[PDB]
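Just so you know, the protein sequences line up as chains A and B, in that order.
Residue numbers -2 to 33, 35 to 350, in PDB author numbering, belong to the letters of the first sequence in order.
Residue numbers 13 to 25, in PDB author numbering, belong to the letters of the second sequence in order.
Every residue, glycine too, gets a C-beta built ideally from N, C-alpha and C.
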Amino acid sequence: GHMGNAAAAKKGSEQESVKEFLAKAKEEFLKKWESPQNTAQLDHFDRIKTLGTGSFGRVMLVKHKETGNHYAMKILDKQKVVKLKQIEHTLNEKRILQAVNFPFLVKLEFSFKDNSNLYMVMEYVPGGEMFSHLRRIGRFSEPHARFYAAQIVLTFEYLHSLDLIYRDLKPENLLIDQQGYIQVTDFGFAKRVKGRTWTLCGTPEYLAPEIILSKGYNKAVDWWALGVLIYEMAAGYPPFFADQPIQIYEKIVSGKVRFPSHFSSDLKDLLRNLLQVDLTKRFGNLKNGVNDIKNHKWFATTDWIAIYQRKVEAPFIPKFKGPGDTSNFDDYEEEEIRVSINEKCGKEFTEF
Amino acid sequence: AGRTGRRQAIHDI
Ligand SMILES: NC(=[NH2+])c1ccsc1
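Have a look at this one:
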């Protein structure tokens, strides 16, 4: 076979340890999922700088006045969160983040709300977004991309074992920490799902075809998105690339993908099996589950346990000038935080 | 030709 006796026995034992780990991880998750609120207030923090902005608010660097610790504070304008699925999704985000625990998932520290806004305060990751490093360097070498991909594979294996689908994988959502490892943030589209779910949501370049086609879909959409991420990391641009979303969607559904001439044959084989329109054939969705990915030739040099334990030397260590350094983030327009005299949307966000 | 800047996710397409 491809493996000798010693190699196959070790791998089998390793897979059984994974099952042992995931069983314990689920027990700890469920305890927090059933018993999740209001762990601080706005005036406990000094606002420093806006680190990112999107439709419904911003992420800011803040400094905790009492302890001097720095945090990333996400601010959601309760009114701007007006759309039906915008609302449910915000409750998903907070409840998932307060219950998970994994070395590549950002840690939530406080959450609270006032008359105008919802707030989630999490660990500050000063190395910046993968997105900006990727655009600056152009593309990552295959060993470099592989190091990051392995972390996503393990993170999705963890999430999916808890019946969580992530649904918004992309470089914009992946922060680089001081050791060069990944921190997945932005759980705004994550959802606990026992079978299928139906919401049309995500980022166009990363949408699986079954989402675009309005099918009930499952966790396999995350393995498709992994294929898009690996391609983008190794090429510098995503596989389905056009100016307007409708053109992106047509390319996604076609069942066609072209690869740069510098892609290794091992990489193309992996990506063909991840970017597979047929769900009966997509890696991660077969009888052997995630092991079809972990045991792929392109990952043959990957020490899965060593990645999880953070024993592998990272390919890139971001520059850090000290606590509160924002040099690895882009600049954004600053807008003061105005809190209304009157509560908005009190009933909608009772559970937050 | 495609989008090179940060990409916003859509909550309800
Ligand atoms: N949550 C994010 N995407 C983010 C971006 C810059 S700092 C945090």
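State buried or exposed for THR153 of chain A, treating a residue as buried only when at least 16 other CB atoms are found within 10 Å of its CB. Its Cβ being crowded by 16 or more others within 10 Å, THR153 of chain A is buried.
Below 8 Å on the Cβ atoms is my contact criterion, and I expect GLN149 of chain A with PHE318 of chain A to pass it. Report the Cβ-Cβ distance as a whole number of Å. Going by Cβ atoms, the distance from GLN149 of chain A to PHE318 of chain A rounds to 20 Å, so no, they are not a contact pair.
Mapping DSSP to helix, strand and coil, what is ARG56 of chain A? In the structure shown, the three-state DSSP call for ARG56 of chain A is strand.
On the DSSP letters alone, give me the boundaries of the alpha helix (DSSP H) that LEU265 of chain A sits inside. Its alpha helix (DSSP H) spans residues 263 to 272.
Identify the contact partners of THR201 of chain A in chain B, using a Cβ-Cβ distance below 8 Å as the criterion. Simply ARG19, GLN20, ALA21, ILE22.
Run through DSSP, which three-state label would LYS189 of chain A get? Note: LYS189 of chain A maps to strand in three-state DSSP.
Just tell me which of A:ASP184, A:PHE102, A:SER114 has its CA closest to the CA of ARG308 of chain A. Residue nearest to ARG308 of chain A within the set A:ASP184, A:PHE102, A:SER114 is A:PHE102 (criterion: CA-CA distance).
Let me check one thing: in DSSP terms, what residues is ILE180 of chain A bridge-paired to? DSSP lists A:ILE174 as partners of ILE180 of chain A.
Examine the Cβ distances between the segment 176 to 189 of chain A and the segment 122 to 139 of chain A and report whether three or more of them are shorter than 8 Å. Result yes; three or more Cβ-Cβ pairs closer than 8 Å.
On the three-pair Cβ rule with 8 Å, is the segment 75 to 86 of chain A touching the segment 289 to 304 of chain A? These segments do not touch.
For the alpha helix (DSSP H) containing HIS68 of chain A, list its first residue and its last residue. Here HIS68 of chain A belongs to no alpha helix (DSSP H); instead the beta strand (DSSP E) covers 68 to 75.
Measuring CB to CB, does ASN115 of chain A end up less than 9 Å from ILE46 of chain A? No, the pair does not count as a contact, with Cβ atoms beyond the cut-off.
Proximal residues to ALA97 of chain A (C-beta, below 6 Å), its chain only, five neighbours per side dropped: Counting only Cβ-Cβ distances below 6 Å, and skipping sequence neighbours, we find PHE26, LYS29, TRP30.
Against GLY52 of chain A, what residues of chain B qualify as contacts under a CB-to-CB distance less than 9 Å, listed in chain order? Chain B residues near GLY52 of chain A: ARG18, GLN20, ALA21.
Residue range of the beta strand (DSSP E) that includes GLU107 of chain A: Boundaries of the beta strand (DSSP E) around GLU107 of chain A: 106 to 111.
Counting only beta-carbon atoms, is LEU89 of chain A nearer than 9 Å to chain B? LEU89 of chain A does not count as touching chain B.
Quick check on the contact list: which residues have their beta carbon closer than 7 Å to a heavy atom of ligand 1? Proximity to ligand 1 was defined by a C-beta distance below 7 Å to any of its heavy atoms, and the residues meeting it, in sequence along the chain, are A:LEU49, A:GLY50, A:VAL57, A:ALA70, A:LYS72, A:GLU127, A:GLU170, A:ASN171, A:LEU173, A:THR183, A:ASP184, A:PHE327.
From the beta carbon of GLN307 of chain A, is the nearest beta carbon of chain B less than 9 Å away? By this cut-off, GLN307 of chain A is not an interface position.
Name, please, each residue of chain B whose Cβ falls closer than 7 Å to the Cβ of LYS168 of chain A. In chain order, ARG19 make up the part of chain B whose C-beta sits under 7 Å from the C-beta of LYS168 of chain A.
Identity of the residues DSSP links to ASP44 of chain A by a beta bridge: For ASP44 of chain A, the beta-bridge partners assigned by DSSP are A:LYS61.
Taking 9 Å as the threshold (C-beta atoms), are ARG15 of chain B and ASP241 of chain A in contact? Their beta carbons are under 9 Å apart, which means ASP241 of chain A touches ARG15 of chain B by this criterion.
Contact set for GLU170 of chain A: own chain, Cβ-Cβ below 7 Å, skip 5 residues either direction: Close CB contacts of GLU170 of chain A within its chain, under the 7 Å cut and outside five residues either way in sequence, are with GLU127, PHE129 (chain order).
Extent of the continuous alpha helix (DSSP H) to which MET128 of chain A belongs: That run of the alpha helix (DSSP H) goes 128 to 135.
If you compare alpha carbons, which of A:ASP323, A:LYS254, A:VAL226 is closest to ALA147 of chain A? Of the listed residues, the one whose Cα sits closest to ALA147 of chain A is A:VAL226.
Beta-carbon neighbours of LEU198 of chain A, restricted to chain B and to distances below 7 Å: Ordered by position in chain B, the residues that pass the 7 Å Cβ test against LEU198 of chain A are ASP24, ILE25.
Roughly how many angstroms separate the alpha carbons of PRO258 of chain A and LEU273 of chain A, rounded to a whole number? Cα to Cα, the separation comes out at about 15 Å.
Euclidean distance between Cα positions of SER32 of chain A and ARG190 of chain A: Distance between the alpha carbons of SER32 of chain A and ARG190 of chain A is about 15 Å.
Just checking: is the beta-carbon of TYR235 of chain A within a distance shorter than 9 Å of some beta-carbon in chain B? Under the Cβ criterion of 9 Å, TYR235 of chain A is counted among the residues facing chain B.
Are there 16 or more other CB atoms within 10 angstroms of the CB of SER14 of chain A, so buried, or fewer, so exposed? Answer is exposed; the Cβ neighbour count stays below 16.
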